[PDB]
Amino acid sequence: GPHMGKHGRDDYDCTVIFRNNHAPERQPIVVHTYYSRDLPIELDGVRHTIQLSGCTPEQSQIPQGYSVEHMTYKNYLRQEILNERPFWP
């Protein structure tokens, strides 16, 4: 799966964030994806190949103790901008 979450081709359609619920210390894994692709994510070292269907993955592939946040790449972009405010006044 994605080694780094930092990948901004500006081509992506979807964005899925994996937040470890058992681990508050761990950083959320933000993965950018396209419309209906597979999403290989290694949780606890275990690869889960999730099926995306319109920015919506299969919760059935998701282990317990992990929050999977679903969004579009566009929503992700808007949210990072709105939360970090990388642009200057």
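Report follows, based on the coordinates. (Residues numbered from 1 in each chain as written, not as in the entry; some residues may be left out. Heavy atoms only, no water.)

A word on the nonpolar core
Next, step 1: Counting 11 residues, the largest nonpolar core consists of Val16, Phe18, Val31, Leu39, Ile41, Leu43, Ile50, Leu52, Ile62, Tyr66 and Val68.
Next, step 2: Of all the secondary structure elements, the ones that give two or more residues to this core are β1 (14-20), β3 (38-43) and β5 (66-72).
Next, step 3: Counting 6 residues, the second largest nonpolar core, distinct from the first, contains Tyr12, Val30, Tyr73 and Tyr76. (Core = buried A, V, L, I, M, F, W, Y, C linked by side-chain atoms within 4.5 Å. Buried < 20%, exposed > 50% of the residue type's maximum accessible area, 1.4 Å probe, protein only. Helix = DSSP H or I, 4+ residues; strand = E, 2+ residues; numbered from the N terminus.)

What to know about helix α1 (residues 73-84)
Next, step 1: The end-to-end C-alpha distance of α1 is 16 Å, a good match for the 16 Å that 12 residues give at a rise of 1.5 Å each.
Next, step 2: A positive phi of about 60° marks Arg85, the residue just after α1. (Expected span 1.5 Å × (residues − 1).)

Observations concerning the state of the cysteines
Next, step 1: Applying the stated criterion across every chain yields a total of 1 disulfide.
Next, step 2: The disulfide bridge from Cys14 ends at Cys55, spanning 2.0 Å between sulfur atoms. Between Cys14 and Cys55, the S-S dihedral sits near -75°, and the bridge is therefore left-handed. Here the residue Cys14 occupies a position in strand β1, and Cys55 occupies one in the loop between β4 (46-51) and β5, the gap between them amounting to 41 residues. With respect to burial, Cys14 and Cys55 carry one shared label: buried. (Disulfide = S-S within 2.5 Å.)

Quick word on the packing of aromatic side chains
Two numbers describe a pair of aromatic rings. These are the distance of the centres and the angle of the planes.
Next, step 1: In this structure the tally under the stated criterion is 2 aromatic pairs.
Next, step 2: With centroids separated by 4.5 Å and ring planes inclined at 25°, the aromatic side chains of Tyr12 and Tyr34 adopt a geometry described as stacked. One end of the pair, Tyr12, is in the segment before β1; the other, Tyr34, is in the loop between β2 (29-33) and β3, with 22 residues separating them in the sequence.
Next, step 3: Since its relative accessible area comes to 8%, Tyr12 is described here as buried.
Next, step 4: Between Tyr12 and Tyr73 the ring centres are 5.3 Å apart and the planes differ by 65°, which places this aromatic pair in the edge-to-face class. Pair noted here: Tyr12 is in the segment before β1 and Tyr73 is in helix α1, with a separation of 61 residues, a long-range link. For the pair shown, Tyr12 and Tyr73 are each scored as buried.
Next, step 5: In this structure an aromatic cluster arises from ring pairing among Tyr12, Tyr34 and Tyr73. (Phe/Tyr/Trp six-rings, centres within 6.5 Å; stacked < 30°, edge-to-face > 60°.)

Examining the pattern of salt bridges
Where side chains of opposite charge bring their charged atoms close, a pairing between them can arise.
Next, step 1: Across all of its chains, the model carries 2 salt bridges by this definition.
Next, step 2: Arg9 serves as the salt-bridge partner of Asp11, at 2.9 Å between the closest nitrogen and oxygen.
Next, step 3: Owing to a relative accessible area of 54%, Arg9 belongs among the exposed residues under this scheme.
Next, step 4: The partner of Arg19 in a salt bridge is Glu69, with the nearest N and O atoms 2.8 Å apart. With a gap of 50 residues between them, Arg19 in strand β1 and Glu69 in strand β5 connect regions that are remote in the sequence.
Next, step 5: In this structure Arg19 comes out as partly exposed when scored by relative accessible area, which is 37%. (Salt bridge = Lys/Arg side-chain N within 4 Å of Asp/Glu carboxyl O.)

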